[PDB]
Amino acid sequence: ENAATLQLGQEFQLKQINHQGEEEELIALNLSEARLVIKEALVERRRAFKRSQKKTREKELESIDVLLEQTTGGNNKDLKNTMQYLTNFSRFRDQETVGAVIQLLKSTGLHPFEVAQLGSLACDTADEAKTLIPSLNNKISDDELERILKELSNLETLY
Amino acid sequence: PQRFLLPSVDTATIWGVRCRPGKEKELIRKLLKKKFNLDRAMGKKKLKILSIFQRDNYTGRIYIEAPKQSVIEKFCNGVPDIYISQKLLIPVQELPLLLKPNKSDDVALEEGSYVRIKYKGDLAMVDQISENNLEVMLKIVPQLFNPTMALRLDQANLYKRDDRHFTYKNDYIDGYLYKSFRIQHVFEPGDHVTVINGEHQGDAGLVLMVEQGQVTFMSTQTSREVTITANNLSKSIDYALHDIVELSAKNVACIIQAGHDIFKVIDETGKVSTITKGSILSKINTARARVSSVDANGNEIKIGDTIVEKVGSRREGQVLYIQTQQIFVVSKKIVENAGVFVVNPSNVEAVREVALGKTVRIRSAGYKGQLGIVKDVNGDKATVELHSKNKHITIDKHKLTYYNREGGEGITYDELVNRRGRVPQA
Amino acid sequence: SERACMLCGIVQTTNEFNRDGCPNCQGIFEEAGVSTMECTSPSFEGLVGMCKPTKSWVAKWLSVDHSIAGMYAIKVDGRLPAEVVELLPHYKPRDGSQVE
Amino acid sequence: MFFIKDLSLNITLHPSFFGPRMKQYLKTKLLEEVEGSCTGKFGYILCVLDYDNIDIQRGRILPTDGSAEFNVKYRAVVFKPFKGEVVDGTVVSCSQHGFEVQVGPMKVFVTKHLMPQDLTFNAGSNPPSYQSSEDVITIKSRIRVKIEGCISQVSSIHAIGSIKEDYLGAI
DNA sequence: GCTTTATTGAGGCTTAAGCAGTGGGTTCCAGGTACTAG
DNA sequence: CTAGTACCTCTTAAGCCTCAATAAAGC
């Protein structure tokens, strides 16, 4: 059974295997980093297709939609819905902001899922954060939690 | 009274003796006769055997009530099919149930009940039961009795006792035969659930509400709420498909979701509709259906041929059936409508031997003038077995002359094709 | 064919019943004004060869202690005539109905 | 839930397609499988990254058949909901039993019995909506709800949630 | 000093094994007995 | 009366238990 009490499944272990057999620590990402990696993958796919063939909430959405249509477009309609869901209510628009956020979250050293939730979900009070994740109650100090929450709130982009 | 019949060690002593199964009755009779003979002969000295019995359900064993084992061994000595050595003492507490009559598997007969006759295998209805509980009146289907046919055929043995009572060959009422037979001869919302019993057996869905033992669930197959008794639902841990159905004289559809009594079918016009089992007149056999169409390129297309649409999505698939103006094609790469779509033939592109059984003579070959029997023709060549040689040779039929079954004149391959196929006159 | 009496359970051929009837219940049948055949049934289960009914516990269990030695049926299907039942207040059917 | 991991996929290729472009063709078949995939074991596959860095292992030839089986290992980001998490979505449709909320590639349903007492369905507006003493819910609204149950389909994932704790609902 | 021990071994009985392939000609629809339908 | 229908009927290789002796521990 999977729940919020860190009772992950047989495959969602704290350690992950690499293509070379090396064991690494599980790494998570937030919505902004997910969008960044998706955009990088789309750019790489577009470049691959081009080389193979050779031999403010109003304009970015259109560019993303046309890019999706050009490459990996029409195979499934769920990709467009997921892209719209990610783009409509995103938080960070700059790579520097997400980089700083992930660098700060690295110092905490908490579970990847917990830090991902903290960087994605929005909280304003200690009690709300504690009740949101009862498992992560006696793990993070109240002062540290408040500091990270206010830092994340300040780092929020003004759209 | 039965409370005073409880067996005791000092009063009841029965020993079980193994015997060849099935011979229980004959063995019991033989032992009883032997005991009577011994009593008549010996006189005062009589073996202490009180009773000898057996149980039908317990084959291969008999029971003898005697005070001592030695008496039983002496009495049974020399009796074939009885293993005196293989014997055991019956405990007192087990004596009652041994003599307790077995509960007959036949349910208590009641008027109007349905039973099976052991008209073997024909359902019957119990109409009346005799006061002695030895014979029962059963109503059965004789097809229903037809007074018209009986009158037409065997009016001599047919009699009319009432407006709906007819006697034939010694009693038919309302088209059914009444005959006497011996009795011995006769959950929480969101939970995944599945129907195990009822009209909707096999349906699966997600529960939404439970009240007074009735569970309502939304079914994926029908996309509607169905309310069923809780006892008929089981919590599950989280015509066939593609058949051709003749909806009417001019309507043919292909099934995309084969259910128990509900079938979803796409018609020749591409419209998908849900119908009942009764709406299907009959099933069209694709293999036996000799229907062919012409594609855009003019190449003939038959059932099972792989075709690709020239316009649209260029769907590739195998043709299941051919309609007068449409063709149904099933594709393994399409999940929508079970991969079955109806397309126009013009919008797709594909990816009687008279000689047989008649004696013949060859004309221009190494076996000319030799009688032969035609077996089969592969097209432009006829296979013939020679009477004097145990070999089959393929030779062009045009250079062979046909003869009558019994002698007759020789005719080349110019009269049978022109004139009606008939053997010459001897 | 062999039939077993529904009153005492004695099993005998139909010819014997037609000729002499039940040796142990002829008087009761005559008093009840019923034929032997109506008081006998052809369906029975199990065979019991009773040799000493007075000294045999099986006879007491089958209520044939006062009967004579011979062949008897443990279970007999059917019902006796109402007249016979009226003359036997303590009659117990041998079909297993009263063996609960 | 937005996890990057290595996935190994076995792809069968006919020996006829053996030219230099086969790689690209293989990649195309990879793009037609990972995209839109939804398996209960690995959850829903979101995206595959590092297209140019994809490494393909040496193909495996069947003992008798001429097909080549290539085992390609690739790093991909996938999404999988878990019980007790809270996610935000957009109402897609309204019904008497509740309103479905599209979140990512998945759908969420809220049980009527687990709704605020003040919140009440109303059909007086076109389309029907819900009215609350201090909140307004319509088709076009961002609603944050907690997921309490997950259901896995052949090619879909469904969630069952409720809104009882504070700070939930319209935001 | 005597008695009762765990151990050693030695055979009877038992249950298993029993070249590869292939061509053909014969025989079974089993016997009696009782119960029951036309 | 007559005929269905079923129900009864030669040469070895291992395991194990069963026998006859033998040195030590109790007492």
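Residues numbered from 1 in each chain as written, not as in the entry; some residues may be left out. Chains lettered and ligands numbered in written order. Part of a larger assembly, values for the part shown. Heavy atoms only, no water.

- Structure determination for this entry, per the PDB record, employed cryo-EM and reached 4.3 Å resolution.

- Per the PDB entry, chain C goes by the name Transcription elongation factor SPT4 and belongs to Saccharomyces cerevisiae.
- Within the Protein Data Bank, this record goes by the title "Structure of Sen1-ADP.BeF3 bound RNA Polymerase II pre-termination complex".
- Chain C has a UniProt comment under Subunit that states "Component of the SPT4-SPT5 complex. Interacts with SHE2." (UniProt positions renumbered as here; feature names shortened; annotations may be inferred.)

- As named in the PDB entry, chain A is DNA-directed RNA polymerase II subunit RPB4, taken from Saccharomyces cerevisiae.
- Annotation of chain A in UniProt includes, under Sequence similarities, the sentence "Belongs to the eukaryotic RPB4 RNA polymerase subunit family."

### So, the interface of chain D and chain A
Then, in step 1: Every contact between the two is made by 40 residues of chain D and, on the other side, 42 residues of chain A.
Then, in step 2: Both faces combined, the contact of chain D with chain A buries some 4000 Å², and carbon together with sulfur accounts for 60% of it.
Then, in step 3: Across the chain D-chain A interface, the total number found is three salt bridges.
Then, in step 4: The salt bridge involving A:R45 is made with D:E35; its shortest N-O contact spans 3.7 Å.
Then, in step 5: For the side of chain D that touches chain A, the secondary structure elements donating two or more residues are β1 (3–13), α1 (22–31), β3 (43–48), β6 (68–79), β7 (86–95) and β13 (142–152) of chain D. (Contact = heavy atoms within 4.5 Å. Buried area = accessible area lost by both parts, 1.4 Å probe. Salt bridge = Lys/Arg side-chain N within 4 Å of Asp/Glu carboxyl O. Helix = DSSP H or I, 4+ residues; strand = E, 2+ residues; numbered from the N terminus.)

### Description of the UniProt feature "zinc finger region: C4-type" in chain C
Then, in step 1: When the UniProt feature table is mapped onto this chain, "zinc finger region: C4-type" is found at residues 5–25 of chain C.
Then, in step 2: Overall, residues 5–25 of chain C shows 29% helix and 19% strand. The separation of its end C-alpha atoms is 9 Å.

### Side note on the protein's contact with DNA strand E
All names here are of chain B.
Then, in step 1: Close to DNA strand E lie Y119, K179, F181, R182 and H185, which account for all nearby residues.
Then, in step 2: Take the atoms of DNA strand E that sit within 4 Å of the protein: sugar and phosphate atoms are 100% of them.
Then, in step 3: In this structure, a phosphate oxygen belonging to DNA strand E sits 2.3 Å away from a side-chain N or O atom of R182.
Then, in step 4: Among the residues making up the surface near DNA strand E, the classes are represented as two nonpolar, one polar and two charged. (Near = heavy atom within 4 Å. Polar contact = N/O pair within 3.5 Å; in protein donor to acceptor, adjacent residues only side chain to side chain. Nonpolar A, V, L, I, M, F, W, Y, C, P; charged D, E, K, R; others polar.)

### Comments concerning the environment of B:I117
All names here are of chain B.
Then, in step 1: Turning to its location among the elements, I117 is positioned in the loop between β5 (114–116) and β6 (123–129).
Then, in step 2: Separated by 110 residues in the primary sequence, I117 and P7 place their C-alpha atoms 40 Å from one another.
Then, in step 3: Those residues in contact with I117 that lie beyond four places of it in its chain are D122, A124, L138, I140, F181 and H185.

### Quick look at the interface of chain B and chain D
Then, in step 1: At the interface, five residues of chain B touch five residues of chain D.
Then, in step 2: In total, about 550 Å² of surface goes out of reach between chain B and chain D, with carbon and sulfur atoms giving 64% of it.
Then, in step 3: The interface formed by chain B and chain D holds zero salt bridges in total.
Then, in step 4: Viewed at the interface, chain D and chain B are joined by one residue pair in polar contact.
Then, in step 5: Partitioned by chemical class, the residues of the side of chain B that touches chain D number two nonpolar, one polar and two charged.

### A look at the protein's contact with DNA strand F
Residues and elements named next belong to chain B.
Then, in step 1: Taken together, the residues surrounding DNA strand F are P21, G22, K23 and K120.
Then, in step 2: Of what DNA strand F places within 4 Å of the protein, 100% of the atoms are sugar or phosphate.
Then, in step 3: Contacts to DNA strand F include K23, whose backbone N or O atom sits 2.8 Å from a phosphate oxygen.
Then, in step 4: For DNA strand F, a sugar or linking oxygen lies 2.7 Å from a polar atom in the side chain of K120.
Then, in step 5: Its residues placed into classes, the surface near DNA strand F shows one nonpolar, one polar and two charged.

### Examining the sheet that holds strand β27 (residues 340–343) of chain B
The strands that make up a sheet pair up through hydrogen bonds in the backbone, lying either parallel or antiparallel.
Residues and elements named next belong to chain B.
Then, in step 1: The strand order β27-β26-β25-β24-β28 describes an open sheet built from five strands, whose pairing is antiparallel. Where the open sheet ends on each side, the last strands, each with one partner, are β27 and β28 (348–350). The average undirected angle you get between the axes of adjacent strands in this sheet is 45°. (Pairing = 2+ DSSP bridges. Axes fitted to C-alpha atoms, helices over the stretch in contact; angles between N-to-C directions.)

### Description of the arrangement of the chains
Then, in step 1: When C-alpha atoms are compared, chain A and chain B, though not in contact, are closest at a spacing of 12 Å.
Then, in step 2: Across the gap from chain C to chain D, with no contact made, the nearest C-alpha atoms are 53 Å apart.

### Quick look at the pattern of salt bridges
Then, in step 1: The full count for this structure, using the stated rule, is 21 salt bridges over all chains.
Then, in step 2: Put simply, A:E44 and A:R47 hold a salt bridge, and the shortest N to O gap is 3.7 Å. Of this pair, A:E44 and A:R47 both sit in helix α1 (residues 31–54), separated by three residues, roughly a single helical turn.
Then, in step 3: Residue classification places A:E44 among the partly exposed positions, given a relative accessible area of 24%.
Then, in step 4: Given a relative accessible area of 40%, A:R47 falls into the partly exposed group.
Then, in step 5: Across the salt bridge formed by B:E26 and B:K23, the nearest N and O atoms sit 3.8 Å from each other.
Then, in step 6: Residue B:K23 is classed as partly exposed on the basis of its relative accessible area, which comes to 36%. (Buried < 20%, exposed > 50% of the residue type's maximum accessible area, 1.4 Å probe, protein only.)

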